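Engineer: Hey, dropping run-v7.csv in here, CSV, C-alpha atoms:
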chain,number,residue,atom,x,y,z
A,1,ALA,CA,164.1,137.3,150.6
A,2,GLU,CA,164.7,135.8,154.1
A,3,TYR,CA,162.5,132.9,155.0
A,4,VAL,CA,162.5,130.5,158.0
A,5,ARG,CA,160.6,127.4,158.8
A,6,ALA,CA,158.8,126.6,162.1
A,7,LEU,CA,160.3,123.7,164.2
A,8,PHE,CA,157.5,123.8,166.7
A,9,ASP,CA,153.9,125.2,166.9
A,10,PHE,CA,153.9,128.7,168.5
A,11,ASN,CA,150.7,130.2,169.8
A,12,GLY,CA,151.6,133.5,171.1
A,13,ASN,CA,151.0,135.1,174.3
A,14,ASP,CA,150.4,138.7,173.2
A,15,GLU,CA,148.2,140.0,170.4
A,16,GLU,CA,151.3,141.4,168.8
A,17,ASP,CA,152.8,137.9,168.4
A,18,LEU,CA,152.3,135.9,165.2
A,19,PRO,CA,151.1,132.3,165.9
A,20,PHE,CA,152.2,129.5,163.6
A,21,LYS,CA,152.2,125.7,163.2
A,22,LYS,CA,155.2,123.4,163.0
A,23,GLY,CA,156.5,123.3,159.5
A,24,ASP,CA,155.1,126.7,158.5
A,25,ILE,CA,157.2,129.0,156.4
A,26,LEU,CA,157.5,132.7,157.4
A,27,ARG,CA,159.1,135.7,155.8
A,28,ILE,CA,161.3,137.9,158.1
A,29,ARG,CA,160.4,141.5,157.9
A,30,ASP,CA,162.4,143.1,160.9
A,31,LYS,CA,164.9,142.1,163.5
A,32,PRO,CA,164.5,144.5,166.3
A,33,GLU,CA,166.1,142.2,168.9
A,34,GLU,CA,168.0,139.0,168.8
A,35,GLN,CA,165.4,136.5,169.9
A,36,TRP,CA,162.2,138.1,168.7
A,37,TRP,CA,161.7,139.1,165.0
A,38,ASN,CA,158.8,140.5,163.0
A,39,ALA,CA,157.6,138.0,160.4
A,40,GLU,CA,154.8,137.5,157.8
A,41,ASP,CA,152.9,134.3,157.2
A,42,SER,CA,151.5,132.8,154.0
A,43,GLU,CA,148.3,134.6,154.6
A,44,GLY,CA,150.0,138.0,154.9
A,45,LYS,CA,149.6,138.2,158.6
A,46,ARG,CA,152.4,139.9,160.6
A,47,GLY,CA,153.7,139.7,164.1
A,48,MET,CA,156.5,138.7,166.4
A,49,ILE,CA,158.0,135.3,166.5
A,50,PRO,CA,160.5,133.6,168.7
A,51,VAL,CA,163.8,132.9,166.9
A,52,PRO,CA,164.6,129.7,168.6
A,53,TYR,CA,161.4,128.1,167.3
A,54,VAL,CA,162.6,128.4,163.7
A,55,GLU,CA,165.3,127.4,161.2
A,56,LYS,CA,166.6,129.0,158.1
A,57,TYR,CA,164.5,127.9,155.1
A,58,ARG,CA,166.2,127.4,151.8
B,2,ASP,CA,159.4,110.4,172.3
B,3,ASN,CA,159.7,113.9,170.9
B,4,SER,CA,161.4,117.0,172.3
B,5,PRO,CA,159.2,119.6,174.1
B,6,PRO,CA,158.6,123.1,172.8
B,7,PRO,CA,161.5,125.3,173.8
B,8,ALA,CA,161.2,127.7,176.6
B,9,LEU,CA,160.0,131.0,175.0
B,10,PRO,CA,162.8,133.5,175.1
B,11,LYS,CA,162.1,136.5,177.1
B,12,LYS,CA,161.4,139.7,175.2
B,13,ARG,CA,163.8,142.5,175.6
B,14,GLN,CA,161.4,145.1,174.4
B,15,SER,CA,157.6,145.6,174.0
B,16,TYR,CA,155.9,145.3,170.5
Give the structure from the file, written as structure tokens.

Structural biologist:
Amino acid sequence: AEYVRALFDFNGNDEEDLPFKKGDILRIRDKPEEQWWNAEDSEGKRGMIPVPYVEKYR
Amino acid sequence: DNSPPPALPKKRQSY
């Protein structure tokens, strides 16, 4: 129910991060801190993403 | 003439 869209590629630094490509659509799964959220990609992969790299999607 | 990737925000916690 909450999706965002990537504004920039993100490649992670840690294994726990979720890489993505500019324009990718992600589902938010948890918001443990303000700037880093847990998300799921179209493939079902999960990991942390940086909030400033995304925008609300639809 | 595009903007660069933003500075990655620091993580408050470990995941």

Engineer: Show me, as a ChimeraX atom specification, the residues of chain A whose atoms get within 10 Å of chain B, using all atoms listed in the file for the distance check.

Structural biologist: /A:7-10,12-17,32-36,38,47-53

Engineer: Any idea what the distance is between atom CA of residue 39 of chain A and atom CA of residue 18 of chain A?

Structural biologist: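 Between atom CA of residue 39 of chain A and atom CA of residue 18 of chain A the gap works out to 7.5 Å.
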
Engineer: How many Å separate atom CA of residue 6 of chain A from atom CA of residue 56 of chain A?

Structural biologist: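 Distance reported for this atom pair: 9.1 Å.
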
Engineer: With a distance cut-off of 10 Å and only C-alpha atoms, select the neighbouring residues of residue 26 of chain A, excluding the residue or stretch itself and same-chain residues fewer than 3 positions from it, and output the selection as number ranges by chain.

Structural biologist: A: 2-6, 18, 20, 23, 29, 38-46, 49, 54, 56-57

Engineer: Give, as lines of an AutoDock Vina configuration file, the centre coordinates and the x, y and z edge lengths in Å to one decimal for an axis-aligned box around all listed atoms of segment 3-14 of chain B, padded by 8 Å on each side.

Structural biologist:
center_x = 161.2
center_y = 129.5
center_z = 174.0
size_x = 21.2
size_y = 47.2
size_z = 22.2
